[PDB]
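**Q** Below is one structure. I have some questions about it.
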Amino acid sequence: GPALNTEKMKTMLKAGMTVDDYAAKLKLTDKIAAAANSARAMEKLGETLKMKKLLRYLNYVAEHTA
Amino acid sequence: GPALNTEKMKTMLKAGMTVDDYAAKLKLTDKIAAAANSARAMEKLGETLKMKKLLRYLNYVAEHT
Ligand SMILES: [Br-]
Ligand SMILES: [Br-]
Ligand SMILES: [Br-]
Ligand SMILES: [Br-]
Ligand SMILES: [Br-]
Ligand SMILES: [Br-]
Ligand SMILES: [Br-]
């Protein structure tokens, strides 16, 4: 995506940013905690640009492991 | 049960399981990719116990070492 691409994620991973670190940068950590418990909070979080970016980064880091 | 608890999460963190490692263990990464352009698919994915466990672990790792 325009705001978080391939090359930007490579820079984040070189910096040692974990998925959880990036969620904190996004100010999403507490919302994620609420989403694990509440279907309403989950559905709301799932519609966000911030969660889209977070999940993008998560798959990127997994593909660069092992 | 399949749902997480804090002792399970402590064990995972001691073993060095990262959040993305846990997504891979749950076989969620393909599903995450697939749901990125569908509201419905994302909603369905968020309704799964697997996704809820992943998000619980993400917050756990954020608050623990
Ligand atoms: Br983006
Ligand atoms: Br960003
Ligand atoms: Br939200
Ligand atoms: Br944003
Ligand atoms: Br780590
Ligand atoms: Br699903
Ligand atoms: Br859970």
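Please note that chains go A, B, ... in the order of the structure tokens, that every chain numbers its residues from 1, and that ligands are numbered from 1 in the order shown.
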Write as a ChimeraX atom specification the residues around ligand 6, taking 7 Å as the cut-off and counting only C-alpha atoms and all ligand atoms.

**A** /B:31,41,44-45,48

**Q** Skip range 8-22 of chain A itself and residues of its chain fewer than 4 positions away, then list as a PyMOL selection string all residues within 12 Å of it, counting only C-alpha atoms.

**A** (chain A and resi 1-4+26-30+32-33+50-51+53-65) or (chain B and resi 17-23+54-64)

**Q** May I have the selected residues written with N, CA and C atoms, as a CSV table (one decimal), in the first residue's frame?

**A**
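The file below, selection.csv, is the result:
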chain,number,residue,atom,x,y,z
A,1,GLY,N,0.9,-1.2,0.0
A,1,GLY,CA,0.0,0.0,0.0
A,1,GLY,C,0.9,1.2,0.0
A,2,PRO,N,0.3,2.4,-0.4
A,2,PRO,CA,1.1,3.7,-0.5
A,2,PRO,C,1.8,4.0,0.8
A,3,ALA,N,1.2,3.9,2.0
A,3,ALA,CA,1.7,4.3,3.3
A,3,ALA,C,2.6,3.2,4.0
A,4,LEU,N,2.6,2.0,3.5
A,4,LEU,CA,3.4,0.9,4.0
A,4,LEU,C,3.7,-0.1,3.0
A,26,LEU,N,1.8,2.2,16.1
A,26,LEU,CA,0.4,2.5,15.6
A,26,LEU,C,-0.6,2.8,16.7
A,27,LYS,N,-0.2,2.7,18.0
A,27,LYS,CA,-1.1,3.0,19.1
A,27,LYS,C,-2.3,2.0,19.1
A,28,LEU,N,-2.0,0.8,18.7
A,28,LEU,CA,-3.1,-0.2,18.6
A,28,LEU,C,-3.1,-1.3,19.6
A,29,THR,N,-2.1,-1.3,20.5
A,29,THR,CA,-1.9,-2.5,21.5
A,29,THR,C,-3.1,-2.7,22.4
A,30,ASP,N,-3.6,-1.6,22.9
A,30,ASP,CA,-4.8,-1.7,23.8
A,30,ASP,C,-6.1,-2.1,23.0
A,32,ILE,N,-6.1,-3.9,20.4
A,32,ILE,CA,-5.9,-5.4,20.1
A,32,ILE,C,-6.3,-6.3,21.2
A,33,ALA,N,-5.9,-5.8,22.5
A,33,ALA,CA,-6.3,-6.5,23.7
A,33,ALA,C,-7.8,-6.6,23.8
A,50,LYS,N,-5.0,1.0,10.1
A,50,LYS,CA,-4.0,0.7,11.0
A,50,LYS,C,-3.8,-0.8,11.2
A,51,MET,N,-4.9,-1.6,11.3
A,51,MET,CA,-4.9,-3.0,11.4
A,51,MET,C,-4.4,-3.7,10.1
A,53,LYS,N,-2.3,-2.4,8.0
A,53,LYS,CA,-0.9,-2.2,8.0
A,53,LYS,C,-0.2,-3.2,8.9
A,54,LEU,N,-0.8,-3.3,10.1
A,54,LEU,CA,-0.2,-4.3,11.1
A,54,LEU,C,-0.1,-5.7,10.6
A,55,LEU,N,-1.2,-6.2,10.0
A,55,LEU,CA,-1.3,-7.5,9.5
A,55,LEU,C,-0.4,-7.7,8.2
A,56,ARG,N,-0.3,-6.7,7.4
A,56,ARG,CA,0.7,-6.7,6.3
A,56,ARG,C,2.1,-7.0,6.8
A,57,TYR,N,2.5,-6.2,7.8
A,57,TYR,CA,3.8,-6.3,8.4
A,57,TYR,C,4.0,-7.7,9.0
A,58,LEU,N,3.0,-8.3,9.7
A,58,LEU,CA,3.0,-9.6,10.3
A,58,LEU,C,3.3,-10.6,9.3
A,59,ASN,N,2.6,-10.6,8.1
A,59,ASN,CA,2.9,-11.6,7.1
A,59,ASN,C,4.3,-11.4,6.5
A,60,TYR,N,4.7,-10.2,6.4
A,60,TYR,CA,6.1,-9.9,5.9
A,60,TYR,C,7.2,-10.5,6.8
A,61,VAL,N,7.0,-10.2,8.1
A,61,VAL,CA,8.0,-10.8,9.0
A,61,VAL,C,8.0,-12.3,9.0
A,62,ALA,N,6.8,-13.0,8.9
A,62,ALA,CA,6.7,-14.4,8.8
A,62,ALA,C,7.5,-14.9,7.5
A,63,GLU,N,7.3,-14.2,6.4
A,63,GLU,CA,7.9,-14.7,5.2
A,63,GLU,C,9.5,-14.5,5.2
A,64,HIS,N,10.0,-13.6,6.1
A,64,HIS,CA,11.4,-13.5,6.3
A,64,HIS,C,12.0,-14.3,7.5
A,65,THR,N,11.3,-15.2,8.0
A,65,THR,CA,11.7,-16.1,9.0
A,65,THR,C,12.0,-17.5,8.5
B,17,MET,N,8.8,-17.9,20.9
B,17,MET,CA,7.8,-17.8,19.8
B,17,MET,C,7.4,-16.3,19.6
B,18,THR,N,7.7,-15.8,18.5
B,18,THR,CA,7.3,-14.4,18.2
B,18,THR,C,5.8,-14.4,17.8
B,19,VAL,N,5.2,-13.2,17.6
B,19,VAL,CA,3.8,-13.1,17.3
B,19,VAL,C,3.6,-13.7,15.9
B,20,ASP,N,4.5,-13.3,14.9
B,20,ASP,CA,4.3,-13.9,13.6
B,20,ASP,C,4.6,-15.4,13.6
B,21,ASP,N,5.5,-15.9,14.4
B,21,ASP,CA,5.7,-17.4,14.6
B,21,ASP,C,4.4,-18.0,15.0
B,22,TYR,N,3.7,-17.4,15.9
B,22,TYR,CA,2.4,-17.9,16.4
B,22,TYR,C,1.3,-17.9,15.3
B,23,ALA,N,1.3,-16.9,14.5
B,23,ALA,CA,0.4,-16.8,13.3
B,23,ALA,C,0.7,-18.0,12.4
B,54,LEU,N,-4.4,-15.2,18.5
B,54,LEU,CA,-3.3,-14.5,17.9
B,54,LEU,C,-3.2,-13.1,18.5
B,55,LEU,N,-4.4,-12.4,18.6
B,55,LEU,CA,-4.4,-11.0,19.1
B,55,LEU,C,-4.1,-11.0,20.6
B,56,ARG,N,-4.6,-12.0,21.4
B,56,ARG,CA,-4.3,-12.1,22.8
B,56,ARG,C,-2.8,-12.2,23.0
B,57,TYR,N,-2.2,-13.1,22.2
B,57,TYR,CA,-0.7,-13.3,22.3
B,57,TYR,C,0.1,-12.1,21.9
B,58,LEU,N,-0.4,-11.3,20.9
B,58,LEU,CA,0.3,-10.1,20.5
B,58,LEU,C,0.3,-9.2,21.7
B,59,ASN,N,-0.8,-8.9,22.4
B,59,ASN,CA,-0.8,-8.1,23.6
B,59,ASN,C,0.1,-8.7,24.7
B,60,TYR,N,0.0,-10.0,24.9
B,60,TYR,CA,0.8,-10.6,25.9
B,60,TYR,C,2.4,-10.3,25.7
B,61,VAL,N,2.8,-10.6,24.5
B,61,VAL,CA,4.2,-10.3,24.1
B,61,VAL,C,4.5,-8.9,24.3
B,62,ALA,N,3.6,-8.0,23.9
B,62,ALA,CA,3.9,-6.5,24.1
B,62,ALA,C,4.1,-6.2,25.5
B,63,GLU,N,3.4,-6.8,26.5
B,63,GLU,CA,3.6,-6.5,27.9
B,63,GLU,C,4.6,-7.4,28.7
B,64,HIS,N,5.2,-8.4,28.0
B,64,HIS,CA,6.1,-9.4,28.7
B,64,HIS,C,7.5,-9.7,28.0

**Q** How would you report the residues lying within 8 Å of ligand 3, as a list in words, if you count only C-alpha atoms and all ligand atoms?

**A**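 Protein and nucleic-acid residues within 8 Å of ligand 3: residues 28, 31, 41, 42, 44, 45, 46, 47 and 48 of chain A.
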
**Q** Export N, CA, C and O atoms of the chosen residues as a PDB file, in the first residue's frame?

**A**
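Saved result, result.pdb, follows:
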ATOM      1  N   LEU A  28      -2.048   0.768  18.741  1.00  0.00           N
ATOM      2  CA  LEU A  28      -3.055  -0.248  18.554  1.00  0.00           C
ATOM      3  C   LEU A  28      -3.063  -1.343  19.647  1.00  0.00           C
ATOM      4  O   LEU A  28      -3.949  -2.175  19.699  1.00  0.00           O
ATOM      5  N   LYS A  31      -6.245  -1.609  21.829  1.00  0.00           N
ATOM      6  CA  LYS A  31      -7.366  -1.948  20.978  1.00  0.00           C
ATOM      7  C   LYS A  31      -7.316  -3.426  20.588  1.00  0.00           C
ATOM      8  O   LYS A  31      -8.353  -4.077  20.437  1.00  0.00           O
ATOM      9  N   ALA A  41     -15.465  -5.137  19.196  1.00  0.00           N
ATOM     10  CA  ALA A  41     -14.209  -4.452  19.099  1.00  0.00           C
ATOM     11  C   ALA A  41     -13.345  -5.031  17.965  1.00  0.00           C
ATOM     12  O   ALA A  41     -12.638  -4.301  17.282  1.00  0.00           O
ATOM     13  N   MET A  42     -13.390  -6.353  17.799  1.00  0.00           N
ATOM     14  CA  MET A  42     -12.675  -7.032  16.722  1.00  0.00           C
ATOM     15  C   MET A  42     -13.132  -6.580  15.349  1.00  0.00           C
ATOM     16  O   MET A  42     -12.288  -6.278  14.461  1.00  0.00           O
ATOM     17  N   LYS A  44     -14.668  -3.860  14.593  1.00  0.00           N
ATOM     18  CA  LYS A  44     -14.333  -2.460  14.404  1.00  0.00           C
ATOM     19  C   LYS A  44     -12.842  -2.290  14.061  1.00  0.00           C
ATOM     20  O   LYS A  44     -12.511  -1.597  13.091  1.00  0.00           O
ATOM     21  N   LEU A  45     -11.965  -2.987  14.767  1.00  0.00           N
ATOM     22  CA  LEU A  45     -10.539  -2.902  14.528  1.00  0.00           C
ATOM     23  C   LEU A  45     -10.201  -3.414  13.116  1.00  0.00           C
ATOM     24  O   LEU A  45      -9.325  -2.876  12.447  1.00  0.00           O
ATOM     25  N   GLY A  46     -10.920  -4.449  12.688  1.00  0.00           N
ATOM     26  CA  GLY A  46     -10.646  -5.107  11.401  1.00  0.00           C
ATOM     27  C   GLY A  46     -10.923  -4.221  10.221  1.00  0.00           C
ATOM     28  O   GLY A  46     -10.377  -4.457   9.149  1.00  0.00           O
ATOM     29  N   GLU A  47     -11.756  -3.188  10.400  1.00  0.00           N
ATOM     30  CA  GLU A  47     -12.074  -2.247   9.341  1.00  0.00           C
ATOM     31  C   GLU A  47     -11.006  -1.142   9.194  1.00  0.00           C
ATOM     32  O   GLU A  47     -11.084  -0.356   8.245  1.00  0.00           O
ATOM     33  N   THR A  48     -10.038  -1.073  10.109  1.00  0.00           N
ATOM     34  CA  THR A  48      -9.100   0.056  10.148  1.00  0.00           C
ATOM     35  C   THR A  48      -7.887  -0.094   9.229  1.00  0.00           C
ATOM     36  O   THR A  48      -7.370  -1.182   9.052  1.00  0.00           O
TER      37      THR A  48
END

**Q** With only C-alpha atoms and all ligand atoms counted, collect every polymer residue having an atom within 7 Å of ligand 7; state the result as a PyMOL selection string.

**A** (chain A and resi 36) or (chain B and resi 3-4+49+52-53+56)

**Q** Write the selection just made, keeping N, CA, C and O atoms, as an mmCIF file, in the first residue's frame?

**A**
data_model
loop_
_atom_site.group_PDB
_atom_site.id
_atom_site.type_symbol
_atom_site.label_atom_id
_atom_site.label_comp_id
_atom_site.auth_asym_id
_atom_site.auth_seq_id
_atom_site.Cartn_x
_atom_site.Cartn_y
_atom_site.Cartn_z
ATOM 1 N N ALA A 36 -9.383 -9.049 21.171
ATOM 2 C CA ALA A 36 -9.281 -10.485 21.513
ATOM 3 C C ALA A 36 -10.457 -10.957 22.347
ATOM 4 O O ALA A 36 -10.795 -12.126 22.297
ATOM 5 N N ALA B 3 -8.703 -22.365 23.361
ATOM 6 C CA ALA B 3 -8.531 -20.958 23.773
ATOM 7 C C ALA B 3 -7.269 -20.840 24.594
ATOM 8 O O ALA B 3 -6.870 -21.791 25.239
ATOM 9 N N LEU B 4 -6.608 -19.680 24.521
ATOM 10 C CA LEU B 4 -5.373 -19.422 25.303
ATOM 11 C C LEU B 4 -5.635 -19.154 26.763
ATOM 12 O O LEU B 4 -6.817 -18.943 27.157
ATOM 13 N N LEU B 49 -11.705 -18.280 16.484
ATOM 14 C CA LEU B 49 -10.936 -18.433 17.727
ATOM 15 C C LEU B 49 -9.445 -18.242 17.475
ATOM 16 O O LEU B 49 -8.762 -17.598 18.280
ATOM 17 N N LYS B 52 -8.570 -14.649 17.524
ATOM 18 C CA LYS B 52 -8.661 -14.102 18.864
ATOM 19 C C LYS B 52 -7.407 -14.510 19.669
ATOM 20 O O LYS B 52 -6.878 -13.703 20.422
ATOM 21 N N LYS B 53 -6.954 -15.756 19.510
ATOM 22 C CA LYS B 53 -5.747 -16.238 20.217
ATOM 23 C C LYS B 53 -4.524 -15.461 19.761
ATOM 24 O O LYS B 53 -3.684 -15.070 20.566
ATOM 25 N N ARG B 56 -4.584 -12.024 21.380
ATOM 26 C CA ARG B 56 -4.304 -12.102 22.817
ATOM 27 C C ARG B 56 -2.796 -12.231 23.030
ATOM 28 O O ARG B 56 -2.214 -11.544 23.899
#

**Q** Run DSSP on the backbone of this structure and report the residues of chain B it assigns to helix (DSSP H, G or I), as a PyMOL selection string.

**A** chain B and resi 6-14+19-25+29-35+39-47+49-63

**Q** If we count only C-alpha atoms and set the cut-off at 8 Å, which residues sit around residue 43 in chain A, ignoring sequence neighbours fewer than 5 positions away in its own chain? Please answer as a list in words.

**A**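 Answer for this query is residues 35 of chain A; 43 and 46 of chain B.
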
**Q** Between CA of residue 25 in chain B and CA of residue 10 in chain B, what is the distance, to one decimal in Å?

**A** 16.1 Å

**Q** Nearest to ligand 1: which of B:36, B:9, B:14, B:42 is it, counting only C-alpha atoms and all ligand atoms?

**A**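 Selected residue with least distance to ligand 1: B:36.
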